[PDB]
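Residue numbers (PDB author numbering), protein chains in the order written: chain A, 2920 to 2945, 2958 to 3019; chain B, 2568 to 2768; chain C, 3553 to 3665, 3669 to 3703; chain D, 3302 to 3402.
Beta carbons are placed, not taken as given, at the ideal position from N, Cα and C, and that holds for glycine.
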Amino acid sequence: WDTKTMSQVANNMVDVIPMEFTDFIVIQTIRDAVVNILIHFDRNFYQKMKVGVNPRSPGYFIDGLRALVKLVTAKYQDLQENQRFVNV
Amino acid sequence: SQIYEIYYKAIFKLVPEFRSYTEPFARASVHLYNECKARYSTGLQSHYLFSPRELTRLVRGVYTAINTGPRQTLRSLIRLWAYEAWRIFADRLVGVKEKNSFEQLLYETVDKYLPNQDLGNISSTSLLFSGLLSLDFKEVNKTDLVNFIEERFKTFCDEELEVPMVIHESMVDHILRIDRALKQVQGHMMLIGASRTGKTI
Amino acid sequence: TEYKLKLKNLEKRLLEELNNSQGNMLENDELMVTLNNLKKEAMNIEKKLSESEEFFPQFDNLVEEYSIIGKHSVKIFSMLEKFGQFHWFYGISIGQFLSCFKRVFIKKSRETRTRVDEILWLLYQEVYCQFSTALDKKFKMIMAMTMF
Amino acid sequence: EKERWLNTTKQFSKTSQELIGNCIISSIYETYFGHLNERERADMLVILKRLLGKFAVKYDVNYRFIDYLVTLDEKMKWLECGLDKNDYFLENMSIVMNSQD
């Protein structure tokens, strides 16, 4: 999967926007920074761990993205619940 | 070159206005071939194996795209030849270095035998020929194909197996390749998707 | 984690008790002692965090000497595992290695007596003493030379 | 004095801006770290943490995957069913149980 294609898929995955706040170091979008982190980690993972004459291709990337969405939604819900409790 | 010039003559009975361009198209097709077998040999990959059968496939693809295509201008003809040359020679290539090598080789061949300034981006991502949208096999716009694929993929996801995925730039070109493969009579094709690329889907 | 769970529990108890006992008087001092006990049980979390800010770096500094020990331990175990590879009787497990490594401190306790260096060398000595018996003279001397 | 204890309201905002990087670390664990050794996991953890540091993303400094994603009740249930003491085995069990898409 070409890095451009990976970024396209990651951008269409995090179209849900539970997150907020700035990019301290200048595109300059939050989700773009997150997907760049994920892409670089996928590349470094395939570079460091797996031994072999370059046969494999990113499959952990998709599952990681989906699990990240799931977990972020759960965490936003729980955090709002806690904040509401303490506010009342 | 002589045999395939005769082939190009025989297929250019559908567009006699370019009867003078029957020879340069053959030589170029041969020159491309002569280079494609030289640069990409069995030393690089086990499947870099070319033959006159590829030239026959190229002529056949040119004829198939003309016989069910609108009136072809010189630009349309050379871009059609380029599309089929890509689909026959370069789809089997591996890595990126070698794909750019073939792209520049196509540019060199065209510059050698077809002197024209009407060319655009000859890369496989810019020229797209599909019989899906148009009634005929015609070069269409990018955004048109993207929207068409999205709207058809929604229904394909609702009727058949439910699978969410992201339509990206490479998916369109690969879908076009699979379409031109499944359209011809004796359609057979093997995909080397390492995994999760969704060759199956 | 336990005091955080109990903190949420006590917050919920207090809140649910405030809806009913708002009209009661003399409840003042009772809720006073309640929330004061809560104040102390929360300053307990504060204390544990404060001492954690001092404890975690000590841990991250102590890990290095014991990793210096662990490298040698795992290489000796790899040697003994290759012994097991060569012949079927020289097999060796992790449990025996860990037991032999524990025996070293019992010996020092009885002795009553740079600590890292001495304990590493005691590891070597005890490994030789314990695992020399299940080998034949050839491999006895092989292990001796290799561990030296 | 309880009016004073209300300051966790201001602490919330600081605790929130880091949940993004924390969920990043957790998803990367769940997906990749399943088939990695202790040393391998530590090394890839350091790599991911420095990638998060080079980017403008907050993440919890005192971060423990186990404490972050497992609840105390499940952490008790697993051990009660016979899971080993190794933090490595706890991480493995948590990966097995939590995500099951």
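Looking only at DSSP bridge pairs, what is residue i linked to?
{"i": "B/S2697", "result": "B/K2705"}
At the 9 Å Cβ level, is residue i part of the contact set with chain D, yes or no?
{"i": "C/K3591", "result": "yes"}
{"i": "C/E3569", "result": "no"}
{"i": "A/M2925", "result": "no"}
{"i": "C/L3650", "result": "no"}
{"i": "C/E3633", "result": "no"}
{"i": "C/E3616", "result": "no"}
{"i": "A/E2939", "result": "yes"}
{"i": "A/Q3008", "result": "no"}
Quick check on the DSSP output: the alpha helix (DSSP H) that includes residue i runs from which residue to which?
{"i": "B/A2657", "result": "B/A2657 -> no alpha helix (DSSP H), and no H or E assigned at all."}
{"i": "A/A3005", "result": "2991-3018"}
{"i": "C/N3572", "result": "Premise fails: C/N3572 is in no alpha helix (DSSP H) and is neither H nor E."}
{"i": "A/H2971", "result": "2961-2979"}
{"i": "C/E3616", "result": "3579-3638"}
{"i": "A/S2926", "result": "2922-2932"}
{"i": "B/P2583", "result": "Looking at the DSSP string, B/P2583 is not in any alpha helix (DSSP H), and its letter there is neither H nor E."}
{"i": "D/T3310", "result": "3309-3317"}
{"i": "A/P2986", "result": "Run containing A/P2986: none; DSSP gives neither H nor E here."}
{"i": "C/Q3648", "result": "3646-3663"}
{"i": "C/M3702", "result": "3692-3702"}
To the nearest angstrom, how far is it from the Cα of residue i to the Cα of residue j?
{"i": "D/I3329", "j": "B/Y2600", "result": "46 Å"}
{"i": "A/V3003", "j": "D/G3354", "result": "19 Å"}
{"i": "B/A2657", "j": "B/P2637", "result": "26 Å"}
{"i": "A/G2990", "j": "A/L2969", "result": "13 Å"}
{"i": "B/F2617", "j": "B/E2602", "result": "11 Å"}
{"i": "D/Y3364", "j": "B/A2761", "result": "35 Å"}
{"i": "D/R3305", "j": "A/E3012", "result": "22 Å"}
{"i": "A/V2945", "j": "C/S3645", "result": "54 Å"}
{"i": "C/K3634", "j": "B/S2693", "result": "59 Å"}
{"i": "B/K2705", "j": "D/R3340", "result": "57 Å"}
{"i": "D/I3367", "j": "C/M3631", "result": "34 Å"}
{"i": "D/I3326", "j": "A/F2992", "result": "13 Å"}
{"i": "D/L3384", "j": "D/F3390", "result": "7 Å"}
{"i": "D/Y3333", "j": "D/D3402", "result": "15 Å"}
{"i": "B/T2635", "j": "B/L2749", "result": "15 Å"}
{"i": "A/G2983", "j": "B/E2665", "result": "21 Å"}
{"i": "B/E2729", "j": "A/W2920", "result": "22 Å"}
{"i": "B/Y2607", "j": "B/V2663", "result": "13 Å"}
{"i": "B/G2754", "j": "B/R2744", "result": "11 Å"}
{"i": "C/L3570", "j": "C/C3652", "result": "60 Å"}
{"i": "B/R2642", "j": "D/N3323", "result": "55 Å"}
My understanding is that residue i touches residue j, with C-beta atoms under 8 Å, so please give their C-beta distance in whole angstroms.
{"i": "D/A3357", "j": "A/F2943", "result": "4 Å"}
{"i": "B/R2594", "j": "B/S2613", "result": "At roughly 30 Å, the Cβ-Cβ gap does not stay under 8 Å, so B/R2594 and B/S2613 are not in contact."}
{"i": "B/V2733", "j": "A/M2932", "result": "7 Å"}
{"i": "D/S3317", "j": "A/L3010", "result": "6 Å"}
{"i": "B/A2649", "j": "B/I2689", "result": "5 Å"}
{"i": "B/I2645", "j": "B/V2677", "result": "7 Å"}
Return no unless some Cβ of chain B is closer than 9 Å to the Cβ of residue i.
{"i": "A/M2980", "result": "no"}
{"i": "A/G2990", "result": "yes"}
{"i": "A/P2986", "result": "yes"}
Can you find a CB in chain A that lies within less than 9 Å of the CB of residue i?
{"i": "B/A2657", "result": "no"}
{"i": "B/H2735", "result": "yes"}
{"i": "B/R2624", "result": "no"}
{"i": "D/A3357", "result": "yes"}
{"i": "D/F3313", "result": "yes"}
Does any residue of chain C have a CB that is nearer than 9 Å to the CB of residue i?
{"i": "residue 3251 of chain D", "result": "Given a span of 3302 to 3402 for chain D in the structure shown, any question on residue 3251 of chain D remains unanswerable."}
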